[PDB]
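Heads up, the chain below is alone and in the form deposited in one PDB entry; it's given as structure tokens.
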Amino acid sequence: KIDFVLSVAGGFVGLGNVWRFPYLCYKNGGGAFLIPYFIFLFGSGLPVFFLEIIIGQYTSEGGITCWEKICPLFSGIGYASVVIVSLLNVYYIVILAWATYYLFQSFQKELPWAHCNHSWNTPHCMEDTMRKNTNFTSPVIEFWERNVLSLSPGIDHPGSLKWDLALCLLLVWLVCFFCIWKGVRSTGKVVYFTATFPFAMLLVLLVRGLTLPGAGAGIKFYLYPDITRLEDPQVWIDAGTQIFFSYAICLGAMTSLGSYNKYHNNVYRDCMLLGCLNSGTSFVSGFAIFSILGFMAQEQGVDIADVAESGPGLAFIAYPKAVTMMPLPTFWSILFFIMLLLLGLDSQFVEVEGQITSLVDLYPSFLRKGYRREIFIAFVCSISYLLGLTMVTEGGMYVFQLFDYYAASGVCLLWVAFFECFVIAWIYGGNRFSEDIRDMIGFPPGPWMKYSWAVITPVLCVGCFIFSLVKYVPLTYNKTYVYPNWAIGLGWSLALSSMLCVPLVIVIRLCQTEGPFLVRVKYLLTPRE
């Protein structure tokens, strides 16, 4: 039992909880983000996660081959998932690049973000303690913006390529390449430390956050709903898609992981434990993040909703401030960023391993014919590094925000989840799926899972998509920069690169099948033996 929970401990915490959830919650007003979050959690997140693990165990193959055994017509779901993984692996590692840069900057007598007395610093800076005495800027925020990021005025100005961040990305990609090639993973005595360090660090950060003299206001802003005016399609999409992104579902990695699983240790129970604890760690770290934000609000004399960036930089603004107020701040900064690097590196290794496995399973005749697998891994790493170079430039923050919002999140995850649930519930058959689950694990899913797949998840996804289309608002970096029309088109192209996989595969298999149209569709709907 303890060993199983330890093996779980590798995968039920990640950057999606520590970093993504707090900034999405902050961007959507805080408390109002929680209601759709929990609604989607219990409506689809656990049922869809369980459904994908069931698919993976039932087929015992990749996320693309399983649909052949379920529904040949909708085999495009696996392709959409593999492109989602490919797009995610390009922009997810930029977080590790920023963490590596911060870790290298932490090897100093004094943390550079503690005070603003350097060459890269604006003359409008004022210390937070002395701020409550104009358009002043906190040293941490402008450090993040100018030294680590060197933020451009807009996406239309790429600027110069930051050599230091490029070397950080190169280092992280080489680490990933060597780990994948040599099969390096936490399996010996080191798994104890690898699993336990993140939660010890999160506990220390949370304790520091609560004991701040202004944590109460931050907690109140974190938990107080705003149903009067914050009910917008953006909050619904963000909360629903965060559930899918945190669990790594709709990506097809869960299917490949289930393939490895031989049988059921109450797979239902394992999925529920995974989901409950994965959501719990996010909700718990929200307290730490928002307590830090509330203390900064109390110290700087500004509103909680305006203290820090409403974007991916919230984790790189709030946490350094928290570690700045601990005894020997350099020590805790080093430990925090090492923890962040390990948490991101483990999930990066998992994702690149899954992507490589799926891509070689697509073409085993040449890719897997021999030692060319290592060359393929090197090729994938090189192309991903070159693609990530676009987000290293001075205007790379906007590209990163667009990629996060569209490429591996947003409408694409809703599309994939809706098609999976619709296929299994209606085309393949909910009764047949329950029969398969009985044969596998010994008991049927129950009314909750069956009704969720049949109605709740498709209705939620369709309603969110339609609500977004009717009440469409353009994506904005932070809360003041408006993206150009071409940037929005590029983001929608990134989303469509995954969304269009299902219709394209459908028409391709319809054309590549003999017989009349009805015979074609009948042959492609019937599951294979």
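Rigid core: the largest C-alpha set superposing within 1.5 Å between the two forms. Start at 1 and count along the sequence shown; that's the residue number.
Quick note: we don't show the form deposited in another entry, though the next part is all about it.
Asker: Out of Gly301, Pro364, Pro213, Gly446, I need the residue that shifts by 2 angstroms or more at the Cα between the shown form and the other one, core superposed.
Answerer: Per the superposition, the moving residue is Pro364.
Asker: Using a superposition on the rigid core, decide whether the Cα position of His124 changes by 2 angstroms or more between the shown form and the other one.
Answerer: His124: C-alpha displaced by less than 2 Å between the shown form and the other one.
Asker: Taking the rigid core as the reference frame, tell me whether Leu161 has a CA displacement of 2 angstroms or more between the shown form and the other one.
Answerer: No, the C-alpha position differs by under 2 Å between the shown form and the other one.
Asker: Would you tell me if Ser186 moves between the shown form and the other one by 2 Å or more at its C-alpha, with the rigid core held superposed?
Answerer: Yes, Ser186 moves 2 Å or more.
Asker: Having a change of 3 Å or more in the C-alpha distance between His264 and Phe42, I'd like to know whether it is closer or farther in the other entry than in the form here.
Answerer: Farther apart, which means the C-alphas of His264 and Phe42 are at least 3 Å more distant in the other entry.
Asker: Relative to what we see here, could you say if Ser186 and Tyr58 have their Cα atoms closer or farther apart in the other entry, with a change of 3 Å or more?
Answerer: Closer in the other entry, by 3 Å or more.
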